[PDB]
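**Student:** So here's coords.txt, just compact mmCIF, C-alpha atoms:
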# COMPACT_ATOMS: atom_id res chain seq x y z
CA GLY A 1 123.24 102.52 94.51
CA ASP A 2 124.07 104.05 91.08
CA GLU A 3 125.49 107.41 89.91
CA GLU A 4 122.41 108.38 87.84
CA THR A 5 119.78 108.25 90.65
CA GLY A 6 121.82 107.85 93.82
CA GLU A 7 119.99 104.54 94.48
CA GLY B 1 97.58 130.92 91.45
CA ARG B 2 98.92 127.57 90.16
CA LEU B 3 101.27 125.48 92.34
CA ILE B 4 104.34 123.29 91.59
CA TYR B 5 103.57 119.79 93.00
CA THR B 6 106.40 117.36 93.91
CA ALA B 7 105.43 113.70 94.54
CA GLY B 8 107.61 110.90 95.93
CA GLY B 9 111.36 110.81 95.46
CA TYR B 10 114.35 109.22 97.18
CA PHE B 11 116.61 109.87 100.21
CA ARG B 12 117.91 106.61 101.84
CA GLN B 13 114.62 104.96 100.65
CA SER B 14 111.63 105.83 98.38
CA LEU B 15 109.40 108.61 99.77
CA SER B 16 105.62 109.25 100.13
CA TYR B 17 105.81 113.10 100.22
CA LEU B 18 103.40 115.30 98.30
CA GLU B 19 104.38 118.94 98.62
CA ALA B 20 103.33 122.06 96.66
CA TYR B 21 105.40 125.22 96.08
CA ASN B 22 103.85 128.65 95.42
CA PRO B 23 106.36 130.71 93.33
CA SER B 24 104.39 133.94 94.18
CA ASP B 25 104.88 133.89 98.01
CA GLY B 26 107.67 131.24 98.27
CA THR B 27 105.61 128.96 100.57
CA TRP B 28 105.51 125.12 100.71
CA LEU B 29 102.30 123.16 101.46
CA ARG B 30 102.45 119.68 103.07
CA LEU B 31 99.75 117.59 101.38
CA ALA B 32 98.37 114.05 101.73
CA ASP B 33 101.09 111.39 101.47
CA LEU B 34 101.13 108.93 98.51
CA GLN B 35 99.52 105.60 99.55
CA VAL B 36 102.70 103.71 98.38
CA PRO B 37 106.22 105.37 98.45
CA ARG B 38 107.90 105.68 95.00
CA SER B 39 110.91 107.22 93.24
CA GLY B 40 111.60 107.07 89.50
CA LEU B 41 107.90 107.95 88.90
CA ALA B 42 106.52 110.76 86.69
CA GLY B 43 103.85 113.37 87.42
CA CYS B 44 101.25 115.04 85.14
CA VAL B 45 97.96 116.98 85.27
CA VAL B 46 94.63 116.29 83.46
CA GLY B 47 91.56 118.46 84.19
CA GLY B 48 92.94 119.93 87.44
CA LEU B 49 93.77 116.43 88.82
CA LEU B 50 97.38 115.35 89.56
CA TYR B 51 98.57 111.87 88.47
CA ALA B 52 101.53 109.85 89.89
CA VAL B 53 102.65 107.23 87.29
CA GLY B 54 104.88 104.14 87.72
CA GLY B 55 108.24 104.28 89.47
CA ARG B 56 109.71 101.89 92.05
CA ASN B 57 109.37 101.47 95.83
CA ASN B 58 112.95 101.11 97.06
CA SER B 59 112.86 100.02 100.76
CA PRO B 60 115.78 98.78 102.95
CA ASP B 61 114.26 95.24 102.87
CA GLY B 62 113.37 95.05 99.14
CA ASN B 63 112.41 96.70 95.84
CA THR B 64 108.99 96.71 94.09
CA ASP B 65 108.66 98.07 90.50
CA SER B 66 105.33 99.93 90.09
CA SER B 67 102.62 99.66 87.36
CA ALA B 68 100.37 101.94 89.50
CA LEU B 69 98.48 105.09 88.51
CA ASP B 70 97.20 107.30 91.38
CA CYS B 71 95.08 110.43 91.13
CA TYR B 72 95.30 113.37 93.57
CA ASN B 73 92.46 115.91 93.85
CA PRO B 74 93.76 119.25 95.25
CA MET B 75 90.19 120.20 96.35
CA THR B 76 89.70 117.12 98.56
CA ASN B 77 93.40 116.49 99.53
CA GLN B 78 92.76 112.82 98.66
CA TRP B 79 94.66 110.20 96.58
CA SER B 80 92.49 107.72 94.61
CA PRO B 81 93.79 104.59 92.81
CA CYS B 82 93.23 104.24 89.03
CA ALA B 83 93.59 101.29 86.61
CA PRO B 84 97.25 100.09 86.63
CA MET B 85 99.43 100.04 83.45
CA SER B 86 99.98 96.75 81.52
CA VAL B 87 103.54 96.53 82.96
CA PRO B 88 105.59 98.05 85.83
CA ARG B 89 107.62 101.09 84.63
CA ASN B 90 110.44 102.40 86.86
CA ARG B 91 112.33 105.51 85.48
CA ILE B 92 109.24 106.26 83.31
CA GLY B 93 108.62 109.23 80.98
CA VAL B 94 105.12 110.79 80.80
CA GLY B 95 103.33 113.19 78.41
CA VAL B 96 99.76 114.50 77.97
CA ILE B 97 97.89 114.99 74.60
CA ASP B 98 94.10 115.78 74.48
CA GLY B 99 93.62 114.84 78.16
CA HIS B 100 95.25 111.42 77.63
CA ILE B 101 98.32 110.23 79.54
CA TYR B 102 101.14 108.55 77.61
CA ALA B 103 103.37 106.22 79.71
CA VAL B 104 106.78 105.91 77.93
CA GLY B 105 109.46 103.21 78.36
CA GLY B 106 110.91 102.64 81.82
CA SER B 107 112.12 99.37 83.40
CA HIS B 108 110.75 96.17 85.01
CA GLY B 109 113.63 94.18 86.57
CA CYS B 110 115.97 93.21 83.66
CA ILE B 111 113.44 94.48 81.03
CA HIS B 112 114.15 97.88 79.38
CA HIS B 113 110.83 98.84 77.72
CA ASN B 114 110.37 100.33 74.24
CA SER B 115 106.58 99.84 74.81
CA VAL B 116 104.26 102.86 75.16
CA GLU B 117 100.71 102.94 76.57
CA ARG B 118 97.93 105.55 76.77
CA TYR B 119 95.44 106.25 79.56
CA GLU B 120 91.90 107.56 79.05
CA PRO B 121 90.67 109.20 82.35
CA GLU B 122 87.00 109.22 81.17
CA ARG B 123 87.07 105.38 80.72
CA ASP B 124 89.77 104.50 83.40
CA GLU B 125 91.56 102.36 80.78
CA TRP B 126 95.10 101.90 79.46
CA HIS B 127 95.78 100.73 75.86
CA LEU B 128 99.09 99.99 74.14
CA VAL B 129 100.12 102.19 71.21
CA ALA B 130 103.04 101.80 68.69
CA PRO B 131 106.32 101.03 70.56
CA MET B 132 109.38 103.34 70.36
CA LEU B 133 112.20 102.48 67.92
CA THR B 134 114.57 102.40 70.95
CA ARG B 135 114.29 100.82 74.42
CA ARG B 136 114.48 103.78 76.85
CA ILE B 137 114.63 103.97 80.67
CA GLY B 138 115.40 107.30 82.39
CA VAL B 139 113.74 108.88 79.31
CA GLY B 140 112.66 112.55 79.16
CA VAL B 141 109.23 113.18 77.60
CA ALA B 142 107.84 116.41 76.06
CA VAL B 143 104.66 117.37 74.16
CA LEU B 144 105.10 119.81 71.23
CA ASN B 145 102.83 120.50 68.17
CA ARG B 146 100.58 117.61 69.34
CA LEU B 147 103.58 115.24 68.96
CA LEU B 148 105.17 113.19 71.78
CA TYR B 149 109.00 113.41 71.96
CA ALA B 150 111.08 110.76 73.84
CA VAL B 151 114.56 112.15 74.62
CA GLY B 152 117.73 110.32 75.75
CA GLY B 153 117.67 107.54 78.32
CA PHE B 154 119.34 104.10 78.60
CA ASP B 155 118.63 101.08 76.29
CA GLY B 156 120.10 98.46 78.67
CA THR B 157 123.61 98.65 77.16
CA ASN B 158 124.31 102.36 76.45
CA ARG B 159 123.09 105.76 77.61
CA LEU B 160 121.57 107.74 74.69
CA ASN B 161 121.90 111.20 73.07
CA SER B 162 119.25 110.06 70.53
CA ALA B 163 115.65 111.29 70.43
CA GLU B 164 112.47 110.23 68.66
CA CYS B 165 109.01 111.59 67.97
CA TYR B 166 105.51 110.02 68.08
CA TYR B 167 102.67 110.97 65.66
CA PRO B 168 99.34 110.15 67.45
CA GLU B 169 97.16 110.41 64.28
CA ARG B 170 99.48 108.09 62.29
CA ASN B 171 100.42 105.91 65.37
CA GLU B 172 104.13 105.84 64.48
CA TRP B 173 107.56 106.88 65.73
CA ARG B 174 110.39 108.60 63.79
CA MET B 175 113.96 109.39 64.93
CA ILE B 176 114.85 113.12 65.11
CA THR B 177 118.16 115.04 65.51
CA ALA B 178 120.26 113.57 68.36
CA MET B 179 121.31 115.86 71.26
CA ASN B 180 124.90 117.20 71.62
CA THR B 181 125.22 115.31 74.98
CA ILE B 182 124.41 111.72 76.05
CA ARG B 183 121.73 112.15 78.81
CA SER B 184 119.89 109.61 80.99
CA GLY B 185 117.89 110.88 83.99
CA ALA B 186 117.73 114.44 82.53
CA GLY B 187 114.87 116.95 83.03
CA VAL B 188 112.87 117.29 79.76
CA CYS B 189 110.19 119.99 79.18
CA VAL B 190 108.64 122.37 76.61
CA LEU B 191 108.95 126.19 76.83
CA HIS B 192 108.09 128.75 74.07
CA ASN B 193 107.88 126.13 71.25
CA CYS B 194 111.26 124.55 72.23
CA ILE B 195 112.26 121.29 73.95
CA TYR B 196 114.73 121.71 76.83
CA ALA B 197 117.00 118.87 78.16
CA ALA B 198 118.58 119.86 81.51
CA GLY B 199 121.19 117.86 83.43
CA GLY B 200 121.20 114.08 83.68
CA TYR B 201 124.03 111.53 83.51
CA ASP B 202 126.39 111.05 80.47
CA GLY B 203 128.10 107.85 81.70
CA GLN B 204 130.94 109.58 83.63
CA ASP B 205 129.43 112.69 85.30
CA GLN B 206 126.16 114.29 86.51
CA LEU B 207 125.50 117.29 84.23
CA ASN B 208 124.75 120.98 84.74
CA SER B 209 124.57 121.57 80.94
CA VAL B 210 121.23 122.54 79.37
CA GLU B 211 120.37 122.21 75.66
CA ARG B 212 117.33 123.37 73.62
CA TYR B 213 115.76 121.79 70.48
CA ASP B 214 114.31 124.15 67.84
CA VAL B 215 111.81 122.41 65.52
CA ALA B 216 112.22 124.89 62.54
CA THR B 217 116.03 124.41 62.30
CA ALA B 218 115.93 120.77 63.69
CA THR B 219 118.98 121.66 65.85
CA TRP B 220 119.97 121.32 69.55
CA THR B 221 121.71 124.42 71.04
CA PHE B 222 123.33 124.81 74.50
CA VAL B 223 121.87 127.55 76.72
CA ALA B 224 123.10 128.76 80.17
CA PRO B 225 124.08 125.76 82.37
CA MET B 226 122.40 125.25 85.81
CA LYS B 227 124.41 126.24 88.94
CA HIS B 228 124.20 122.59 90.24
CA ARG B 229 125.07 119.37 88.40
CA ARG B 230 122.04 117.05 88.76
CA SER B 231 120.69 113.72 87.58
CA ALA B 232 117.17 112.28 88.32
CA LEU B 233 115.94 115.88 88.80
CA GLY B 234 112.27 116.89 88.61
CA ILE B 235 111.27 119.50 86.00
CA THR B 236 108.30 121.75 85.16
CA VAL B 237 107.29 125.05 83.49
CA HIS B 238 105.38 127.75 85.43
CA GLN B 239 104.54 131.24 84.01
CA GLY B 240 107.10 131.14 81.18
CA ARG B 241 109.98 129.86 83.36
CA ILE B 242 111.62 126.40 83.86
CA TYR B 243 111.88 125.00 87.41
CA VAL B 244 114.33 122.16 88.25
CA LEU B 245 113.79 120.31 91.60
CA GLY B 246 116.42 118.28 93.48
CA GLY B 247 118.25 115.34 91.97
CA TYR B 248 121.59 113.67 92.69
CA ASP B 249 124.92 115.52 92.10
CA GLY B 250 127.25 112.54 92.71
CA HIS B 251 127.62 113.29 96.45
CA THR B 252 124.37 114.84 97.79
CA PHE B 253 120.58 114.49 97.32
CA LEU B 254 119.75 118.11 96.42
CA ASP B 255 117.03 120.22 98.05
CA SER B 256 117.93 123.04 95.55
CA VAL B 257 115.25 124.46 93.21
CA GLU B 258 116.64 126.46 90.26
CA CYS B 259 114.63 128.72 87.93
CA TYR B 260 115.49 129.50 84.27
CA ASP B 261 114.43 132.81 82.68
CA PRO B 262 114.49 132.45 78.84
CA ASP B 263 114.47 136.30 78.32
CA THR B 264 117.79 136.78 80.22
CA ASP B 265 119.22 133.21 79.63
CA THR B 266 119.93 132.94 83.39
CA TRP B 267 119.39 130.39 86.19
CA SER B 268 118.69 131.50 89.79
CA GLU B 269 118.07 129.61 93.06
CA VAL B 270 114.44 130.33 94.09
CA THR B 271 113.79 128.01 97.04
CA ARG B 272 114.78 124.78 98.71
CA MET B 273 112.60 121.69 99.12
CA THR B 274 111.83 120.73 102.80
CA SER B 275 114.50 117.95 102.39
CA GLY B 276 116.92 116.75 99.68
CA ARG B 277 115.71 114.05 97.24
CA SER B 278 116.08 112.63 93.69
CA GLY B 279 113.67 110.79 91.35
CA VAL B 280 110.58 112.94 92.09
CA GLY B 281 107.42 113.28 89.95
CA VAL B 282 106.53 116.95 89.14
CA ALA B 283 103.43 118.78 87.72
CA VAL B 284 101.65 122.23 87.83
CA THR B 285 97.93 122.88 88.64
Kindly return the structure encoded in the file as structure tokens.
**Tutor:**
Amino acid sequence: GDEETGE
Amino acid sequence: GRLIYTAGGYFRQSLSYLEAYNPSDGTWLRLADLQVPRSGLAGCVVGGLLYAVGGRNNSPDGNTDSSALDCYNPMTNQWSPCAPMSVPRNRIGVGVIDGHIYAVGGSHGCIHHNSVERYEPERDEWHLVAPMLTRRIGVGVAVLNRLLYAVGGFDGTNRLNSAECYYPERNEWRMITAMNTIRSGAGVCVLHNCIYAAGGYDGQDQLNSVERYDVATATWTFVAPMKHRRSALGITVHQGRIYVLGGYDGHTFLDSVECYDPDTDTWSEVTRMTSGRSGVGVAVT
């Protein structure tokens, strides 16, 4: 759900 | 013949996978699943035993930050629970000095930890040590000259290019030279007396840039960039080479495994994981 982890 | 172990990770939800790669024959081994799925965890080895530290279980129906420590024995193919940490630590950084595991920063809900704790396998106990000068989640951790370095991360407001160093004998932290690039979720390791910081996220883009810290000159220098931009990648060192595993490129959950040769200053694709994932824990035994 974020650009750093893809979560 | 040592293997590269990859534990947990993320693709749609947190994963339970434990797989081992043999760089000699290019084969992948499917090992016993983690008891609890996790991503944002860190991996390490002490006395031939693999440890999976912290992270978070992201499921479609809810999230659970982890304070857990689990031990895998390659001889028995069995996971055994250990004493949990004082606090849950998602996006943790881990380092080993004298057979002791250091759990660095990470998050618990709204809390961005600066706290650091140490595990003694012979006593099955965790104890808090001096906290970092900066709150760091998505922190890269490396052990060099019996010192523990905490590189980059996110303090809760900004992503960092700063780095600090822990002195175990003195029980204190000191700031060191900041990196050239702001990096959170980067791959941090030690190779030939140097600290390497590969990929991560700068606030706008996933990175393919790689920089190296030299202790003698106290400077960070860019080396050859990776072929793929990646954040929340796994990293390790095997037979004088750096291995980067998966991560997120801004579009895809990578299955790509790149290898860095310091003699030629070149990256090459060596293998692919069985499936794409980010936020894995990695170690060699």
**Student:** Write out as an MDAnalysis selection string which residues come within 10 Å of residue A:7 when counting all atoms listed in the file, dropping same-chain ones fewer than 3 positions away.
**Tutor:** (chainID A and resid 1:4) or (chainID B and resid 10:14 39 58 248 278:279)
**Student:** Using atom CA of residue B:223 and atom CA of residue B:266 as the two end points, give the distance in Å to one decimal.
**Tutor:** 8.8 Å
**Student:** Pick the closest to chain A from B:267, B:149, B:253, B:126: which is it, counting all atoms listed in the file?
**Tutor:** B:253
**Student:** Between atom CA of residue B:131 and atom CA of residue B:47, measure the distance and give it in Å to one decimal.
**Tutor:**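 Computing it gives 26.6 Å between the two atoms.
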**Student:** Please produce, as a tab-separated table, a per-residue contact table for chain B versus chain A (criterion: any atom at most 6 Å away, only C-alpha atoms considered), showing the nearest atom pair and its distance in Å to one decimal, sorted by chain then residue number.
**Tutor:**
residue	atom	partner	partner_atom	distance
B:201	CA	A:4	CA	5.6
B:231	CA	A:4	CA	5.6
B:232	CA	A:5	CA	5.3
B:248	CA	A:6	CA	5.9
**Student:** Please report the interatomic distance between atom CA of residue B:34 and atom CA of residue B:54 in Å with one decimal.
**Tutor:**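 Computed distance, atom CA of residue B:34 to atom CA of residue B:54, equals 12.4 Å.
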**Student:** For residue B:206, please output as a list in words all residues within 7 Å (counting all atoms listed in the file; exclusion window: fewer than 5 positions along the same chain).
**Tutor:**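 In the requested form, the answer reads residues 199, 200, 201, 229, 230, 231, 249 and 250 of chain B.
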**Student:** Using all atoms listed in the file, determine which residues lie at most 7 Å from residue B:16, disregarding the query and same-chain residues fewer than 4 positions distant; provide the list as a PyMOL selection string.
**Tutor:** chain B and resi 8+33-34+36-38
**Student:** Please list as a list in words every residue within 9 Å of residue B:137, counting all atoms listed in the file and excluding residues in the same chain fewer than 5 positions away.
**Tutor:** residues 89, 90, 91, 92, 93, 104, 105, 106, 107, 112, 113, 114, 152, 153, 154, 155, 156, 184 and 185 of chain B
**Student:** Tell me which of B:110, B:220, B:281, B:261 sits closest to residue B:245, counting all atoms listed in the file.
**Tutor:** B:281
**Student:** Could you give me, as a ChimeraX atom specification, the residues that sit within 8 Å of (111.5, 94.4, 86.9) in the file's coordinates, counting only C-alpha atoms?
**Tutor:** /B:64-65,88,107-111
**Student:** Leaving out residue B:151 and any residue of its chain fewer than 5 positions from it, which residues lie within 6 Å of it when counting all atoms listed in the file, given as a PyMOL selection string?
**Tutor:** chain B and resi 139-140+163
**Student:** I need the residues from that last selection saved to file as a compact mmCIF listing (two decimals), in the frame of the given file (with C-alpha atoms), if you can.
**Tutor:**
# COMPACT_ATOMS: atom_id res chain seq x y z
CA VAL B 139 113.74 108.88 79.31
CA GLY B 140 112.66 112.55 79.16
CA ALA B 163 115.65 111.29 70.43
